[PDB]
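The structure appears right after this line, and notes come after that.
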Amino acid sequence: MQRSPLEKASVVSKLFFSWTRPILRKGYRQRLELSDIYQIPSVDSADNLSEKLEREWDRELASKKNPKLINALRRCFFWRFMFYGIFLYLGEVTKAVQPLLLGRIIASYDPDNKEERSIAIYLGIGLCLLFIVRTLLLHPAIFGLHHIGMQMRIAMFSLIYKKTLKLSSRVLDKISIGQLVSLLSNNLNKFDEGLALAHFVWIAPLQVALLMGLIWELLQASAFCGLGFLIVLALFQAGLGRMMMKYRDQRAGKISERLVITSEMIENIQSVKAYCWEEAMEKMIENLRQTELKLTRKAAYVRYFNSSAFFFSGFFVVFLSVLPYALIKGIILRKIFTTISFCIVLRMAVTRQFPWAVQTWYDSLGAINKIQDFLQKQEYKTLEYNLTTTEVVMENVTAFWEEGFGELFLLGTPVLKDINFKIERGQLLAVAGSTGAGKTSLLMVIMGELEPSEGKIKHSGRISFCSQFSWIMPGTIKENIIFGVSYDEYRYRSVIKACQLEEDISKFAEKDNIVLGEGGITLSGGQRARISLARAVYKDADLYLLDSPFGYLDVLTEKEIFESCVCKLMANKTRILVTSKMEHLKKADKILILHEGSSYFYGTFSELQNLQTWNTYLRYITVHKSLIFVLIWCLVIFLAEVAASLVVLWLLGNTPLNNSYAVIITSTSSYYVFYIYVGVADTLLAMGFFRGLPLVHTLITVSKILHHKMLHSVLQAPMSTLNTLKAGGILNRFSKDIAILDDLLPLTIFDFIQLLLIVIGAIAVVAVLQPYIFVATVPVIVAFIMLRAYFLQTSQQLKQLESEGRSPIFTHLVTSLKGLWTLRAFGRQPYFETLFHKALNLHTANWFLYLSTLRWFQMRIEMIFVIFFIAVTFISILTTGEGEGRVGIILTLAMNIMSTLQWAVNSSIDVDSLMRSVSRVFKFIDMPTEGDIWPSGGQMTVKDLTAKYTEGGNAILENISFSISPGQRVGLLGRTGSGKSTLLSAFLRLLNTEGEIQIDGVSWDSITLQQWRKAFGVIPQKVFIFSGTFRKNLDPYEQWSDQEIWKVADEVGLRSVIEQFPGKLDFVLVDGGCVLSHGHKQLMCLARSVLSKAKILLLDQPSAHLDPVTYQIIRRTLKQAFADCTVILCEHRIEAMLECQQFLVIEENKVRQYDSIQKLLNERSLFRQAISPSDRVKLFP
Ligand SMILES: Nc1ncnc2c1ncn2[C@@H]1O[C@H](COP(=O)(O)OP(=O)(O)OP(=O)(O)O)[C@@H](O)[C@H]1O
Ligand SMILES: Nc1ncnc2c1ncn2[C@@H]1O[C@H](COP(=O)(O)OP(=O)(O)OP(=O)(O)O)[C@@H](O)[C@H]1O
Ligand SMILES: CC(C)CCC[C@@H](C)[C@H]1CC[C@H]2[C@@H]3CC=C4C[C@@H](O)CC[C@]4(C)[C@H]3CC[C@]12C
Ligand SMILES: [Mg+2]
Ligand SMILES: [Mg+2]
């Protein structure tokens, strides 16, 4: 890592921006190197900005009665804010005095021998010094203001991420990820570039006051008469401003809902492909856009007028100003043009520099209010008493989830009531019960996530927690198992052999460390559970909580890991466990059987028995045909007004001129009549509400069509290409990159087209009427194009490293919020905060570099304009004839046009920066694609089958072949990580395979893939429940009636489950269905499969954490409903083997098929010895 070149920098280097020069030379003729990126300055690192404002916010919370975040921001930024402001004021004031000096210098060309001839050369020296000081004075302050804005945003982001780790479990249901993603995604680039504009609130009025006097000097009465129009117009813009921020708060609710649905479906697409929910998910996301784009169009129409009140304003401000003076006194053409020159600055001042400033103050304070509101929320309180006898005691505890019923405490039943137990140190509790007893809830009360209404808890602060839903952070298996602490060879090895991952870890190529993705979908269910258990075991504490880690494990692994870890590695400490088997309750010492949130029994086991680039700019215009018709329509009207103005100026110039109306002489006429046109060519060549409206309308329609294709392509792309990319990378584009095509990109293109047409049409009319001005413009034209092409080589490459630099920030914010309970259990906030700071530093490193490279370009293009204007002014003034200097008449006219072009080139750079977004969208659109009555009996014939995830990697299954006769139930089994899911995924052909599986005498290649996947009926291992009503989850296509779904709901047994909630089959599930328990989610997938009547169906461990009572429902529904259809049942519990006839065993990357159970168990002795005594009397009579 190379240090920043800004650190070792001379005043001249920091003033002229010469320190950014290397990366341009490096980036021009080579692709950018990671080495070449510079480390951030020590001033704007994450930790200092966090520390600094964290310190002020605590002081703000301590002192005042009702604290405000702006007051905290004031005390650490205000002086450096206002310090640049006064330079930016003086830099803007020097624009207003430019017409005074240049005015006379134009006037000194007049043969009428005025006093100007005398003063011209001193104006000549002065006006050069005037430009030089402004170019120096402006740009350092803008970069200064951008640099302060970047520090403000990094400071606040750091405070949100600290706040979200201390946030309550009560609040997590209210705030989804879409709330947090949107808040960061809105501010990420808008807040930094805004603080340049923010000062013009108090610059613009003083500028208006300063300009109004200089005009008052020329026109005594009428200038006020003119100003009134701009007061009239400024109120109209403020009206549009308020209107446009009422359309943005309606839409802001909608965007959050779209991101949570988009995140959820892509996070677990493998299930979405199995069920065949492409049509369903696309139509759902389609309906959320409808409302969004309606509000986007309405907001965009009000935004156009706001950005179209400067171009039109021009003609009318001068006309109403000169007309009254003309009627009484008369006017000289010298006077009209000086007024023009003042007017342009005044509008700039009052119609794009005043409405852009206020609008920035609303958004910044609005964003700060949301952050301040977010910082003042209900916190997770901690109350740990290190003093103890290591006595985990609980007495008289009741607990409600929601606030209302708990606070009012007969609204509903509390999940716990009248519980009490005593636990000495060196003994395990067996927490037993049916699905929805409150076993997870009990552990949540022990940790302190769920707060009890009446009762008391006390243990020491040190605690470990193995959750029911396993959580894998991004990184290596080592980084997962140790989890933000030092490494211990003796400890770590002894844990992995106890948990027995030595088998599973040795099969990987990179033995110890393989980089797992967000969630760890590279691993199977069994491998995640044991990693979560290894993380729990490797951690050292007084109390170990274990929320049923033996759900996805087979009986052999389950017994060995129980008799190898729970009773061996830790057997001198309190360790409450969740389980439902006799073998575990025998060795256990204290047993607690919960039922309907009530203690059915409490005691011991013995007692219980006793008891009972060109291509990017071209593929974005040829998505939608309307856009190319509108642009041609604009151009033909543009040609007409260019044509209209030309014959106006033909008649005007060719005039043969009592007529006080307007004084002209042969001399003055020739070199003022043209300049008056150039200053009034901003309105004449303006886009109206006939051209500008449809252009904005179509550009939003392009972003509607692009998003449809993008979401469409991501859904039906193959599995390898979706495992390759991250969660935050997907979520970054649909959040930020699609929001740029809707909001900023439509109106930036309008200003680039508007300014480009003005310059083209200005040069066109001036050139055709007077030839040499085209030749005079050409050397300045080539200078801008030359420098632009040179800059974009570096700029496009920085804008991609920075844009893709955002994915680290989001990816980390997902896992942080996803596995929040484990973070506070272990107490690893200091790790994740410092790990989050690295993401901000990475983004800052790239963003700061891009930002600094831009002002180089912004300064150089102004310097080029200054260098030429200096040359033009002395050539003009020195080569002035004794009468009628024509050299300056030709040259300065060009240099008046180049001011408008300079502004257009700056707009052109803003378009290209926003157009990369569309570039990165098109990468996702251009991804590869996975690509009588038919399933009558459902007999399958496999031959020469092979299964692997990566292309040309390791074969998981090799030369598999077997046969199932029609309407026969088949058992599937093996050791955890055998490949059982891979065999189920091979039928759906989600991963790439070779061979053929022919069904009912017909093969794969004979039919399409989607028509193929509708034959099967799937219950996947990982459950997927998106945000919506129960009826939406049970059938998205809404084929089945309520009578139908209620008819299914009784057999699988969600009768008592649904009726608990207020809206029966209308209750909106949130946070991926956190309201339901783990058992009900298995029943949810069961009902989902029962509805889908399929003559073949595949069950990937239907019973995961179901007790023997709940499992009767599975076999009841499996015997009754699934009558004639063939069943492949992948299950670990041996009770399920009584149902099905044929068995498929998986080992050594190959299969074995068996008819009877006796033969199969006979050859494997350790697996036969693992069978429970209660399940041993069933198999063998
Ligand atoms: N966040 C929540 N909000 C509202 N109700 C909840 C929430 N979490 C759990 N419940 C309800 O509390 C009851 C008990 O929940 P809990 O998850 O502790 O049961 P469990 O014994 O862990 O289930 P399983 O045996 O299937 O793992 C369930 O009926 C469930 O609907
Ligand atoms: N998407 C994937 N990419 C790469 N390798 C994978 C992927 N999924 C699984 N594997 C590897 O293949 C092995 C077996 O796959 P599979 O997921 O079918 O096991 P499983 O039978 O589902 O496990 P369990 O018995 O715990 O349910 C895993 O141990 C894992 O290392
Ligand atoms: C400091 C600012 C806010 C003061 C108000 C604006 C400035 C531009 C105003 C205030 C006083 C004004 C001056 C008042 C009187 C005269 C004399 C007149 O024959 C020429 C113009 C001139 C010289 C004015 C120029 C503009 C002026 C300097
Ligand atoms: Mg549970
Ligand atoms: Mg499996």
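Ordered as shown in the structure tokens, chains take letters A, B, and onward, while each chain numbers its residues from 1 and ligands are numbered from 1 in the order shown.
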Near residue 1004 in chain A, within 12 Å and counting only C-alpha atoms, which residues show up once chain neighbours fewer than 6 positions away are dropped, as a ChimeraX atom specification? /A:931,940-942,986-989,993-998,1010-1013,1015
Quick one: which chain A residues come within 6 Å of ligand 1, and what is the nearest atom pair for each with the distance in Å to one decimal, counting only C-alpha atoms and all ligand atoms, rows ordered by chain and ascending number, as a tab-separated table?
```
residue	atom	partner	partner_atom_place_in_ligand_line	distance
A:401	CA	ligand 1	3 (N)	5.4
A:415	CA	ligand 1	12 (O)	5.4
A:434	CA	ligand 1	25 (O)	5.7
A:435	CA	ligand 1	25 (O)	3.5
A:436	CA	ligand 1	19 (O)	3.8
A:437	CA	ligand 1	21 (O)	4.4
A:438	CA	ligand 1	18 (O)	3.4
A:439	CA	ligand 1	21 (O)	4.1
A:440	CA	ligand 1	18 (O)	3.7
A:441	CA	ligand 1	18 (O)	3.8
A:1074	CA	ligand 1	1 (N)	5.3
A:1075	CA	ligand 1	2 (C)	4.0
A:1076	CA	ligand 1	31 (O)	4.4
A:1077	CA	ligand 1	17 (O)	4.1
A:1078	CA	ligand 1	26 (O)	4.0
A:1079	CA	ligand 1	26 (O)	3.4
```
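The protein and nucleic acid residues lying at most 12 Å from residue 525 in chain A are residues 468, 469, 470, 471, 472, 519, 531, 532, 549, 550, 551, 552, 553, 554, 976, 977, 978, 979, 980, 981, 1020, 1021, 1022, 1023, 1100, 1101 and 1104 of chain A, with only C-alpha atoms considered and sequence neighbours fewer than 6 positions away removed.
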Take the residues just selected and output them with N, CA and C atoms as a PDB file, in the first residue's frame.
```pdb
ATOM      1  N   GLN A 468     -30.566 -21.914  16.320  1.00  0.00           N
ATOM      2  CA  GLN A 468     -31.304 -22.946  15.557  1.00  0.00           C
ATOM      3  C   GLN A 468     -31.086 -22.715  14.065  1.00  0.00           C
ATOM      4  N   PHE A 469     -31.254 -21.476  13.616  1.00  0.00           N
ATOM      5  CA  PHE A 469     -30.852 -21.060  12.258  1.00  0.00           C
ATOM      6  C   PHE A 469     -29.361 -20.718  12.287  1.00  0.00           C
ATOM      7  N   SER A 470     -28.537 -21.585  11.696  1.00  0.00           N
ATOM      8  CA  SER A 470     -27.060 -21.447  11.661  1.00  0.00           C
ATOM      9  C   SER A 470     -26.669 -20.224  10.826  1.00  0.00           C
ATOM     10  N   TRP A 471     -25.651 -19.495  11.277  1.00  0.00           N
ATOM     11  CA  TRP A 471     -25.194 -18.239  10.637  1.00  0.00           C
ATOM     12  C   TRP A 471     -23.694 -18.311  10.341  1.00  0.00           C
ATOM     13  N   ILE A 472     -23.321 -18.058   9.090  1.00  0.00           N
ATOM     14  CA  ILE A 472     -21.913 -18.108   8.619  1.00  0.00           C
ATOM     15  C   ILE A 472     -21.553 -16.730   8.062  1.00  0.00           C
ATOM     16  N   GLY A 519     -23.531 -16.374   4.026  1.00  0.00           N
ATOM     17  CA  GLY A 519     -24.483 -17.419   4.462  1.00  0.00           C
ATOM     18  C   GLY A 519     -23.908 -18.821   4.343  1.00  0.00           C
ATOM     19  N   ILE A 531     -20.245 -26.144  12.217  1.00  0.00           N
ATOM     20  CA  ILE A 531     -19.376 -24.932  12.253  1.00  0.00           C
ATOM     21  C   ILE A 531     -19.910 -23.996  13.342  1.00  0.00           C
ATOM     22  N   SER A 532     -21.227 -23.777  13.368  1.00  0.00           N
ATOM     23  CA  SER A 532     -21.877 -22.972  14.433  1.00  0.00           C
ATOM     24  C   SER A 532     -21.592 -23.589  15.805  1.00  0.00           C
ATOM     25  N   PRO A 549     -28.569 -28.508  17.924  1.00  0.00           N
ATOM     26  CA  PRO A 549     -27.586 -28.636  16.844  1.00  0.00           C
ATOM     27  C   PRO A 549     -27.603 -29.984  16.103  1.00  0.00           C
ATOM     28  N   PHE A 550     -28.384 -30.958  16.582  1.00  0.00           N
ATOM     29  CA  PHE A 550     -28.436 -32.331  16.018  1.00  0.00           C
ATOM     30  C   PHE A 550     -29.684 -32.516  15.147  1.00  0.00           C
ATOM     31  N   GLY A 551     -30.156 -31.452  14.499  1.00  0.00           N
ATOM     32  CA  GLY A 551     -31.338 -31.511  13.623  1.00  0.00           C
ATOM     33  C   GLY A 551     -30.997 -32.125  12.283  1.00  0.00           C
ATOM     34  N   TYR A 552     -29.955 -31.604  11.641  1.00  0.00           N
ATOM     35  CA  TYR A 552     -29.543 -32.002  10.273  1.00  0.00           C
ATOM     36  C   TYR A 552     -28.544 -33.163  10.315  1.00  0.00           C
ATOM     37  N   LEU A 553     -28.138 -33.624  11.497  1.00  0.00           N
ATOM     38  CA  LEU A 553     -27.129 -34.703  11.635  1.00  0.00           C
ATOM     39  C   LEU A 553     -27.810 -36.075  11.625  1.00  0.00           C
ATOM     40  N   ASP A 554     -27.131 -37.064  11.044  1.00  0.00           N
ATOM     41  CA  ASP A 554     -27.522 -38.496  11.105  1.00  0.00           C
ATOM     42  C   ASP A 554     -27.229 -39.049  12.506  1.00  0.00           C
ATOM     43  N   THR A 976     -23.728 -37.244   6.793  1.00  0.00           N
ATOM     44  CA  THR A 976     -23.799 -35.790   6.519  1.00  0.00           C
ATOM     45  C   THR A 976     -22.659 -35.388   5.573  1.00  0.00           C
ATOM     46  N   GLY A 977     -22.988 -34.602   4.554  1.00  0.00           N
ATOM     47  CA  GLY A 977     -22.051 -34.231   3.479  1.00  0.00           C
ATOM     48  C   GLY A 977     -21.831 -35.351   2.476  1.00  0.00           C
ATOM     49  N   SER A 978     -22.721 -36.347   2.418  1.00  0.00           N
ATOM     50  CA  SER A 978     -22.616 -37.458   1.436  1.00  0.00           C
ATOM     51  C   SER A 978     -22.932 -36.968   0.019  1.00  0.00           C
ATOM     52  N   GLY A 979     -23.862 -36.025  -0.125  1.00  0.00           N
ATOM     53  CA  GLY A 979     -24.298 -35.514  -1.439  1.00  0.00           C
ATOM     54  C   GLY A 979     -25.782 -35.705  -1.704  1.00  0.00           C
ATOM     55  N   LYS A 980     -26.581 -36.014  -0.683  1.00  0.00           N
ATOM     56  CA  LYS A 980     -28.010 -36.397  -0.844  1.00  0.00           C
ATOM     57  C   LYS A 980     -28.783 -35.287  -1.560  1.00  0.00           C
ATOM     58  N   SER A 981     -28.603 -34.041  -1.127  1.00  0.00           N
ATOM     59  CA  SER A 981     -29.191 -32.855  -1.797  1.00  0.00           C
ATOM     60  C   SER A 981     -28.726 -32.801  -3.255  1.00  0.00           C
ATOM     61  N   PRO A1020     -37.532 -28.219  -0.222  1.00  0.00           N
ATOM     62  CA  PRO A1020     -36.094 -28.011  -0.030  1.00  0.00           C
ATOM     63  C   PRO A1020     -35.641 -28.084   1.436  1.00  0.00           C
ATOM     64  N   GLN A1021     -34.324 -28.105   1.647  1.00  0.00           N
ATOM     65  CA  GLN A1021     -33.720 -28.184   3.003  1.00  0.00           C
ATOM     66  C   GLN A1021     -33.874 -26.818   3.675  1.00  0.00           C
ATOM     67  N   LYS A1022     -33.341 -25.771   3.042  1.00  0.00           N
ATOM     68  CA  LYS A1022     -33.472 -24.377   3.529  1.00  0.00           C
ATOM     69  C   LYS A1022     -34.847 -23.841   3.127  1.00  0.00           C
ATOM     70  N   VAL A1023     -35.621 -23.382   4.107  1.00  0.00           N
ATOM     71  CA  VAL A1023     -37.008 -22.886   3.907  1.00  0.00           C
ATOM     72  C   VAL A1023     -36.944 -21.434   3.423  1.00  0.00           C
ATOM     73  N   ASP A1100     -36.523 -33.010   0.811  1.00  0.00           N
ATOM     74  CA  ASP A1100     -35.153 -32.829   1.364  1.00  0.00           C
ATOM     75  C   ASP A1100     -35.248 -32.585   2.877  1.00  0.00           C
ATOM     76  N   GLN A1101     -35.340 -33.670   3.645  1.00  0.00           N
ATOM     77  CA  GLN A1101     -35.420 -33.681   5.127  1.00  0.00           C
ATOM     78  C   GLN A1101     -36.656 -32.907   5.588  1.00  0.00           C
ATOM     79  N   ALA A1104     -36.995 -31.814  10.305  1.00  0.00           N
ATOM     80  CA  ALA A1104     -35.646 -31.323  10.655  1.00  0.00           C
ATOM     81  C   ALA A1104     -35.531 -31.261  12.173  1.00  0.00           C
TER      82      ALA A1104
END
```
Would you kindly return, as number ranges by chain, each protein, DNA or RNA residue with an atom no farther than 6 Å from any atom of range 801-809 of chain A, considering only C-alpha atoms and excluding same-chain residues fewer than 2 positions away? A: 728-729, 798-799, 811-812, 839, 843, 846-847
Leaving out residue 748 in chain A and any residue of its chain fewer than 4 positions from it, which residues lie within 7 Å of it when counting only C-alpha atoms, given as a PyMOL selection string? chain A and resi 744+752+911
Just the selected residues (C-alpha atoms), exported as a short mmCIF file (atom, residue, chain, number, x, y, z; two decimals), in the first residue's frame, please.
```cif
data_model
loop_
_atom_site.label_atom_id
_atom_site.label_comp_id
_atom_site.auth_asym_id
_atom_site.auth_seq_id
_atom_site.Cartn_x
_atom_site.Cartn_y
_atom_site.Cartn_z
CA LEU A 744 -30.52 11.82 -11.83
CA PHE A 752 -26.27 18.17 -21.71
CA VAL A 911 -23.41 12.45 -17.91
#
```
Surroundings of ligand 2 up to 9 Å, based on only C-alpha atoms and all ligand atoms, as a compact mmCIF listing (two decimals) with N, CA, C and O atoms, in the first residue's frame:
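Result written to out.txt:
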```
# COMPACT_ATOMS: atom_id res chain seq x y z
N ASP A 504 -15.03 -33.87 6.73
CA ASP A 504 -15.62 -32.89 5.78
C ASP A 504 -14.58 -31.86 5.32
O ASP A 504 -14.66 -31.40 4.17
N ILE A 505 -13.64 -31.49 6.20
CA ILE A 505 -12.60 -30.46 5.92
C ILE A 505 -11.53 -31.07 5.01
O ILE A 505 -10.95 -30.32 4.20
N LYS A 507 -11.92 -33.27 2.60
CA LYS A 507 -12.48 -33.44 1.23
C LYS A 507 -12.32 -32.14 0.43
O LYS A 507 -12.31 -32.23 -0.82
N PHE A 508 -12.22 -30.99 1.09
CA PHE A 508 -11.97 -29.69 0.41
C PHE A 508 -10.54 -29.66 -0.13
O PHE A 508 -9.64 -30.32 0.44
N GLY A 520 -23.04 -19.06 3.36
CA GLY A 520 -22.31 -20.33 3.21
C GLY A 520 -23.15 -21.38 2.52
O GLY A 520 -23.27 -22.50 3.05
N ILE A 521 -23.67 -21.05 1.34
CA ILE A 521 -24.49 -21.99 0.51
C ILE A 521 -23.57 -23.01 -0.17
O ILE A 521 -24.10 -24.02 -0.66
N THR A 522 -22.26 -22.77 -0.19
CA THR A 522 -21.24 -23.77 -0.61
C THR A 522 -21.29 -24.99 0.33
O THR A 522 -21.01 -26.11 -0.13
N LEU A 523 -21.61 -24.77 1.60
CA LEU A 523 -21.76 -25.84 2.60
C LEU A 523 -23.19 -26.36 2.62
O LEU A 523 -24.13 -25.60 2.34
N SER A 524 -23.35 -27.63 2.99
CA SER A 524 -24.67 -28.26 3.27
C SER A 524 -25.15 -27.86 4.67
O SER A 524 -24.41 -27.18 5.41
N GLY A 525 -26.36 -28.29 5.03
CA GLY A 525 -27.00 -27.97 6.32
C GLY A 525 -26.20 -28.50 7.50
O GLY A 525 -26.02 -27.77 8.50
N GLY A 526 -25.73 -29.74 7.38
CA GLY A 526 -24.95 -30.41 8.43
C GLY A 526 -23.61 -29.73 8.68
O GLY A 526 -23.17 -29.70 9.84
N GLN A 527 -22.97 -29.21 7.63
CA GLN A 527 -21.63 -28.59 7.74
C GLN A 527 -21.74 -27.22 8.42
O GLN A 527 -20.79 -26.85 9.13
N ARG A 528 -22.84 -26.50 8.21
CA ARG A 528 -23.07 -25.17 8.84
C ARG A 528 -23.35 -25.35 10.34
O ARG A 528 -22.76 -24.62 11.16
N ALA A 529 -24.24 -26.29 10.67
CA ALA A 529 -24.65 -26.58 12.07
C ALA A 529 -23.41 -26.88 12.93
O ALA A 529 -23.29 -26.32 14.04
N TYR A 552 -29.95 -31.60 11.64
CA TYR A 552 -29.54 -32.00 10.27
C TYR A 552 -28.54 -33.16 10.31
O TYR A 552 -28.16 -33.64 9.24
N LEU A 553 -28.14 -33.62 11.50
CA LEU A 553 -27.13 -34.70 11.63
C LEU A 553 -27.81 -36.08 11.62
O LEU A 553 -28.92 -36.21 12.16
N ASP A 554 -27.13 -37.06 11.04
CA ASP A 554 -27.52 -38.50 11.11
C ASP A 554 -27.23 -39.05 12.51
O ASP A 554 -26.51 -38.40 13.30
N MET A 719 -26.73 -21.56 -12.01
CA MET A 719 -26.48 -21.51 -10.54
C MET A 719 -25.03 -21.07 -10.28
O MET A 719 -24.83 -20.28 -9.34
N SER A 720 -24.08 -21.55 -11.07
CA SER A 720 -22.64 -21.22 -10.93
C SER A 720 -22.41 -19.70 -10.99
O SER A 720 -21.60 -19.17 -10.20
N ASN A 723 -23.73 -18.03 -7.62
CA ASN A 723 -22.87 -18.32 -6.45
C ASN A 723 -21.59 -17.48 -6.54
O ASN A 723 -21.03 -17.14 -5.48
N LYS A 948 -21.50 -32.23 -10.46
CA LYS A 948 -20.47 -31.29 -9.94
C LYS A 948 -21.00 -29.86 -10.03
O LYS A 948 -21.78 -29.56 -10.95
N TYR A 949 -20.57 -29.01 -9.11
CA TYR A 949 -21.06 -27.61 -8.99
C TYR A 949 -20.29 -26.72 -9.96
O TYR A 949 -20.91 -26.10 -10.84
N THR A 950 -18.97 -26.63 -9.79
CA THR A 950 -18.08 -25.84 -10.68
C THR A 950 -17.81 -26.62 -11.97
O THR A 950 -17.82 -27.87 -11.95
N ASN A 954 -14.29 -30.99 -8.98
CA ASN A 954 -14.40 -32.35 -8.40
C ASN A 954 -15.82 -32.89 -8.62
O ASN A 954 -16.80 -32.14 -8.40
N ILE A 956 -18.89 -34.86 -7.44
CA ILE A 956 -19.54 -35.21 -6.14
C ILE A 956 -20.14 -36.61 -6.29
O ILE A 956 -19.95 -37.44 -5.40
N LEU A 973 -30.55 -42.03 1.97
CA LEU A 973 -29.78 -41.79 3.21
C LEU A 973 -28.27 -41.90 2.99
O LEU A 973 -27.81 -42.33 1.90
N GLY A 974 -27.54 -41.48 4.01
CA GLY A 974 -26.06 -41.46 4.05
C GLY A 974 -25.54 -40.57 5.16
O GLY A 974 -26.34 -39.96 5.90
N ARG A 975 -24.22 -40.48 5.28
CA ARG A 975 -23.55 -39.62 6.27
C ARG A 975 -23.68 -38.16 5.83
O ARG A 975 -23.71 -37.88 4.62
N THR A 976 -23.73 -37.24 6.79
CA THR A 976 -23.80 -35.79 6.52
C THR A 976 -22.66 -35.39 5.57
O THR A 976 -21.51 -35.82 5.78
N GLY A 977 -22.99 -34.60 4.55
CA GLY A 977 -22.05 -34.23 3.48
C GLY A 977 -21.83 -35.35 2.48
O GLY A 977 -20.84 -35.28 1.72
N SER A 978 -22.72 -36.35 2.42
CA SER A 978 -22.62 -37.46 1.44
C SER A 978 -22.93 -36.97 0.02
O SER A 978 -22.33 -37.49 -0.93
N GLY A 979 -23.86 -36.03 -0.13
CA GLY A 979 -24.30 -35.51 -1.44
C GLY A 979 -25.78 -35.71 -1.70
O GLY A 979 -26.20 -35.49 -2.85
N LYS A 980 -26.58 -36.01 -0.68
CA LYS A 980 -28.01 -36.40 -0.84
C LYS A 980 -28.78 -35.29 -1.56
O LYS A 980 -29.53 -35.59 -2.51
N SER A 981 -28.60 -34.04 -1.13
CA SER A 981 -29.19 -32.85 -1.80
C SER A 981 -28.73 -32.80 -3.26
O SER A 981 -29.57 -32.58 -4.14
N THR A 982 -27.44 -33.05 -3.51
CA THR A 982 -26.85 -33.00 -4.88
C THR A 982 -27.61 -33.97 -5.79
O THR A 982 -27.84 -33.62 -6.96
N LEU A 983 -27.98 -35.14 -5.27
CA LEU A 983 -28.77 -36.14 -6.02
C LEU A 983 -30.17 -35.58 -6.29
O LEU A 983 -30.69 -35.79 -7.39
N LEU A 984 -30.76 -34.88 -5.32
CA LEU A 984 -32.10 -34.26 -5.49
C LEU A 984 -32.00 -33.07 -6.44
O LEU A 984 -32.93 -32.84 -7.22
N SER A 985 -30.90 -32.32 -6.37
CA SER A 985 -30.63 -31.15 -7.25
C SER A 985 -30.28 -31.62 -8.67
O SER A 985 -30.45 -30.83 -9.61
N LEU A 991 -27.52 -27.69 -10.78
CA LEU A 991 -26.07 -27.79 -11.10
C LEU A 991 -25.89 -28.55 -12.41
O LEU A 991 -26.77 -29.37 -12.78
N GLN A 1021 -34.32 -28.10 1.65
CA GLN A 1021 -33.72 -28.18 3.00
C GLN A 1021 -33.87 -26.82 3.67
O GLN A 1021 -34.51 -26.74 4.75
N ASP A 1100 -36.52 -33.01 0.81
CA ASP A 1100 -35.15 -32.83 1.36
C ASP A 1100 -35.25 -32.58 2.88
O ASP A 1100 -35.21 -31.42 3.32
N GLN A 1101 -35.34 -33.67 3.64
CA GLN A 1101 -35.42 -33.68 5.13
C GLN A 1101 -36.66 -32.91 5.59
O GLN A 1101 -36.53 -31.85 6.21
N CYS A 1130 -35.61 -38.08 1.55
CA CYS A 1130 -34.27 -37.85 2.14
C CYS A 1130 -34.45 -37.45 3.61
O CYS A 1130 -34.93 -36.36 3.88
N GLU A 1131 -34.09 -38.35 4.53
CA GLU A 1131 -34.36 -38.17 5.98
C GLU A 1131 -33.32 -38.95 6.79
O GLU A 1131 -32.82 -39.98 6.32
N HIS A 1132 -33.05 -38.47 8.00
CA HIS A 1132 -32.07 -39.08 8.93
C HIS A 1132 -32.78 -39.95 9.97
O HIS A 1132 -32.22 -41.01 10.30
N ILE A 1146 -25.76 -43.50 -0.11
CA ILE A 1146 -24.70 -42.71 -0.79
C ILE A 1146 -23.43 -42.75 0.05
O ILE A 1146 -23.47 -42.41 1.25
```
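Within the 12 Å cut-off around residue 232 in chain A, using only C-alpha atoms and omitting residues fewer than 4 positions from it on the same chain, the listed residues are residues 225, 226, 227, 228, 236, 237, 238, 239, 309, 313, 317, 350 and 351 of chain A.
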Report the closest atom pair, with its distance in Å rounded to one decimal, for each residue of range 106-196 of chain A that has an atom no farther than 8 Å from range 881-894 of chain A; count only C-alpha atoms, sort by chain and then rising residue number, and write it as a Markdown table.
```
| residue | atom | partner | partner_atom | distance |
| --- | --- | --- | --- | --- |
| A:106 | CA | A:889 | CA | 7.6 |
| A:109 | CA | A:885 | CA | 5.1 |
| A:110 | CA | A:884 | CA | 5.6 |
| A:111 | CA | A:883 | CA | 4.4 |
| A:112 | CA | A:883 | CA | 7.8 |
| A:113 | CA | A:883 | CA | 7.9 |
```
